[PDB]
């Protein structure tokens, strides 16, 4: 039913977060921002307040089609330290649902807490050394179909990442229609249009 869960924490990368939410809303998805902890507002890495609509403990995977995890170093660490967040990764993945993560999160959450063991993934370049060398992708956006896992690198790949999520969940045609107004760099747009064909 085109429902996306976007956890946020103190220290989450706010432009990554908002790019994800906004882009998915443009695609007609119902996006829920859910806070780690017991305060619904959390302060992003660069001071921007992120106002969630519910707490992460109130979330259950059957209410969503996909999980999208922002980066930021402090935010990724907060995710890694959250019992509920780690459990949601397990729940989504064991329901066969797309899990998507960007920036520090694949390194500081997945690699550190044994999530998506054996999956190809990328992350922020400053954390490449956290990923097993034989599994590391240097793609700006990396999809690993076997474990329904989408990863990406940083603030400057966030739009590409969110559009790839749309392509996977709802088809490249909708992703292309959502991308056109956004004034992507021509290279970004070309790579989106070819993204599903490349699978």
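Numbering follows the first chain given and starts at 1.
Engineer: Which is higher on average in the deposited entry, the C-alpha temperature factors of 72 to 80 or of 125 to 133?
Structural biologist: So the stretch with the higher mean C-alpha B-factor is 125 to 133.
Engineer: Per the PDB record, is the mean Cα temperature factor higher over 55 to 63 or over 147 to 155?
Structural biologist: Per the PDB record, 55 to 63.
Engineer: Lowest, middle or highest third of the chain for the C-alpha temperature factor of residue 47?
Structural biologist: Ranked within chain, residue 47 CA B lands in the middle tercile.
Engineer: Report the third (lowest, middle or highest) to which the CA temperature factor of residue 160 belongs, ranking only the modelled residues of the same chain.
Structural biologist: As the PDB entry reports it, the C-alpha B-factor of residue 160 lands in the lowest third of its chain.
Engineer: Check where residue 113 lands among this chain's C-alpha B-factors and tell me if it's the lowest, middle or highest third.
Structural biologist: Ranked within chain, residue 113 CA B lands in the highest tercile.
Engineer: Where does the C-alpha B-factor of residue 172 rank in its chain, lowest, middle or highest third?
Structural biologist: Residue 172: CA B-factor falls in the highest third of its chain.
Engineer: Please place residue 140 in the lowest, middle or highest third of its chain by C-alpha B factor as given in the entry.
Structural biologist: Middle third, going by the recorded CA B-factors of the chain.
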